[PDB]
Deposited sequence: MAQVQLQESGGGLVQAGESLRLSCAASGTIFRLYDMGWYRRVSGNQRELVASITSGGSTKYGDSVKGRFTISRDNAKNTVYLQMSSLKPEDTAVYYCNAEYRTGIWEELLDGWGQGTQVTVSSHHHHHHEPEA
């Protein structure tokens, strides 16, 4: 059972930045698409490197992914009074070359 959990949470007022972390733990053959959700899409990265963001993000955010250690990050910028409800971690994983593609969520974070 692959496990992905939130990280980098805390408390801060608007104007400051954050850096959430999320890495895969368990039996994984490889990871294909990873990203964060707010339910709603805010960012996503494919295994190739194609970065995507939500329309509500006017280039505000920068989602980064490392192909080496199966980890994703999301650098925050310019907090808004009404842009923090919940932040999930969504990944699609395969446990073997001859098995179906699956996906998993995270716990959640708030500020």
- Message: Should a student be asked to find the unmodelled regions, what ranges of the deposited sequence would be the right answer here?
- Response: 1-2, 41-46, 120-133
